[PDB]
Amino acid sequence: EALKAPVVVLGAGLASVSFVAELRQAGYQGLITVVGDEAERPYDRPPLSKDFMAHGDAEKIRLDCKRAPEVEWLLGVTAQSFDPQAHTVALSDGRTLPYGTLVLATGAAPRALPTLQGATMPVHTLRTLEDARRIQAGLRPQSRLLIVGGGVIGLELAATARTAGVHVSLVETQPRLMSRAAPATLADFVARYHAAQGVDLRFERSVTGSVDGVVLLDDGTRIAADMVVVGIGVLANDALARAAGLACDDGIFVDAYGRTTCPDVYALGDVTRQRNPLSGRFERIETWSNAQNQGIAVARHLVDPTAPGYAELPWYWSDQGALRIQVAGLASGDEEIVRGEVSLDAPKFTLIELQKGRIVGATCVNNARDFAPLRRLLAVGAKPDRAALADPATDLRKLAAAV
């Protein structure tokens, strides 16, 4: 009933690929056309601040579109508008696509830093393969890089650059790193780690401008750099939705079925503002797992309306040099349990966040084995013995089973 052919998807990132693969796997055999503005074989973004940045082979980062047969991918073309009454999309190449169902999977773009508008030195953001190539082409040993923003992508780049012999400074307006989505205990540890690897961290500082290759700060000081990479967050690519009259606020509002306020128009991935089931609040979730899992859930329910809505709880990972970080659920509750020592010597530890005895979040550093059982405990809102949670004798995989 809701799934009317033909299907058109705007954007050819992970959310789009995941969605169209699930349509096909679920048994939808009608037309699917995907419009992607980048002239690139669909690819995954996490490598761009990690192994790609370090090794440079794009053929290792392409998405597998095998599970999406009989899809026409229009690469290198921009959707300029859609008409939700006429059920058409206008493309940059002069063509128009009809749709029965339109899916907005247009992701998000890095925020620009207003104070570096009109800079006369290299200032880049890191979102695309083209961006990664441009940054890498300036990543010369003994170069000086300034990163603005202490989010995970900036820190991943910082680690990659330090490994490459680049001098790295980093300016963060907040008193801590990773202020968006990380427990304070983790953020404090991560700052200690980056400082130990030679990153020059500047907290509670903002950029006020730049002159002749030097960046100015609001403490009245200067940082010289060969290159600036801005990583102060992203803004949803929701321009077509806004123009067409959908409800948007730095992100397209969707329910758990991916429905927008416009009939026959859905949205998924980084472009969406959606319910976080742990907080009960709407948020723009900016994670790989959301893009994949939301795409799959929305596709499944389109093909099979008896399927449940999207219900997965949020999580991400970050690879920052020697730290393999995994974070699930909420950054804080009324209680944190620490498993292991938090030490720069062979870092390995787990954090558990509880709210009235209930697990609401978890972090693992170099401890992948414990993250899977903790996510299962989180998912059912488990209330385990806090003594056992702390006790390292406890096997978390066993708790997961017991529940």
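For clarity, a rigid core is taken as the largest C-alpha set superposing within 1.5 Å between two forms. Residue numbers here begin at 1 and follow the sequence given.
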query	finding
RMS Cα shift after core superposition in 5 other deposited structures of this protein, winner of 263-271 and 135-143	135-143
Outlying stretch relative to shown form, 340-348 versus 368-376 in 5 other deposited structures of this protein, C-alpha RMS (core)	340-348
Between the two ranges 133-141 and 95-103, the one averaging a larger CA B factor in the entry	133-141
288-296 set against 166-174, stretch whose average Cα temperature factor tops the other in the entry	166-174
Out of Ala21, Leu10, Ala387, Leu14, highest CA B-factor residue	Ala387
Top Cα B factor in the deposited entry, candidates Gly258, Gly118, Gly231, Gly245	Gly118
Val214 by Cα B-factor - lowest, middle or highest third of the modelled chain	middle
For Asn366, the third of its chain into which the C-alpha B factor falls	middle
Modelled-residue ranking by C-alpha temperature factor, third containing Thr350	middle
Ranked C-alpha temperature factor of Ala184 among modelled chain residues, by third	middle
Third of chain Cα B-factors occupied by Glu156	middle
